[PDB]
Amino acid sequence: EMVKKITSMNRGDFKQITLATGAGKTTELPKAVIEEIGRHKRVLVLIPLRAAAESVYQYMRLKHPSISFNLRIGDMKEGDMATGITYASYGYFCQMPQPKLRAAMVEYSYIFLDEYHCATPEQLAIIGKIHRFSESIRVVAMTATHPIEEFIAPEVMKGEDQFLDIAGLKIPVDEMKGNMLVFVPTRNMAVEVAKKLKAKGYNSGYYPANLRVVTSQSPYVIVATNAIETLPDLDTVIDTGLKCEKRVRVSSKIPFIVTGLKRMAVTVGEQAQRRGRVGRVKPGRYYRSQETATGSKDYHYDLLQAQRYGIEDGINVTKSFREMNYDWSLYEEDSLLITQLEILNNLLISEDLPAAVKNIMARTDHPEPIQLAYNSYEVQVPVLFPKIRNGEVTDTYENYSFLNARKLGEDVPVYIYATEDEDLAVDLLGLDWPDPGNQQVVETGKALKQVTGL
């Protein structure tokens, strides 16, 4: 039925498709579109995960031997002209330079965007990069967006006397005749307060081989992280409603960009994963905490990692994102931070990147190679900041391949981009970030003070 909606479209129109019925919104809708449009025509489907693109590819070449199917999760294909439907990852087209990306994308009758709501750096790069020639393409963006009892589990006050201590959540002792699953933010608590249940008397386990031995005996009470990737006869769910995910702080004073792991609330979909862990077998329970699960995923960190894919081509990934989201209306905007990340994206690409630094990004194991690109405007040698452990300065450092870095000492560098832990060392060692020495970063700073005021 939605086929004649999709087949109304000219080159230069976009549609958002909400419906996600059956085991394949991304399987059945393009099938129906290529039935109507013809097997002589190439159709593109873009899937976040590499494995999901392969899984859907295997299933569709099996259910449908009349229609041709193609997989693109690896290396580039030059002059690629496969005539059927193509299941590809976003990372695949993220290899492509802008002439090649254009040359690839105009060759399709339709381009289907699957699970745009994940907002991975490869996703935000692609969707922003294709909107640059939005006039030449037909773009369709689709998404997904037994009894369970609701109680907001109340927070435990310090020094307080039919309840048990579960990381500051009030859950009754009577619910320890069942089988319960604890969701926690810190990668540390799932070792510690999971040990505590065993130190209280409750049979417990953390986050494969250790899981199989733990799962068999009862009562079982497990503390776990975000691993949907079901469960042996799960009775009850407890949720702290929080997670540990990356944030980006922007300031007009050095360091301009600060990033790191932070305790933030989950989304509605990410909560539905926690709400939907029990129930299917028998009517189970749900105990969340007193924080609102957000409507959208806060993507601003991934948007920063996304800027890396615009450097070689000279594309402002953040500018390209802003305009795409004005036309297509895919995501929620924090106007101020988006506006702030843009001026930094003007700094990032204001100059040609030095050939040496352009090598280091490609071959290193640094989790944030973008940090090297931002700091190259002020620093010619990367700086090893002493690692922070349990909020305190250590003697340990990060050994990252190809960095050729200088250890901090007391010499504090002029950094445009820093980490919370790097910023904390400078607080705690009793030290100060110096002022900008390069005028282009001065210019960016003046601009960021201006855009916060309004």
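The first residue of the shown sequence is 1; numbering continues from there.
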property	result
Between neighbours residue 230 and residue 229, residues that the deposited sequence lists but the model omits	1 to 3
Residue 205 to residue 206: deposited residues without atomic coordinates	1 to 3
383-391 versus 396-404 - which carries the larger mean C-alpha B factor in the record	396-404
Of 42-50 and 27-35, the one with larger mean CA B-factor	27-35
Deposited CA B-factor, highest of 82, 193, 344, 127	193
Candidate set 76, 152, 330, 104 [ranked by C-alpha B-factor, highest]	152
Ranked against its chain, the third holding the CA B-factor of residue 236	highest
Ranked C-alpha temperature factor of residue 319 among modelled chain residues, by third	lowest
Cα B factor band for residue 22 (lowest, middle or highest third within the chain)	highest
CA B-factor placement of residue 165, once the chain's modelled residues are sorted into thirds	highest
Residue 137 - Cα temperature factor, lowest/middle/highest third of chain	lowest
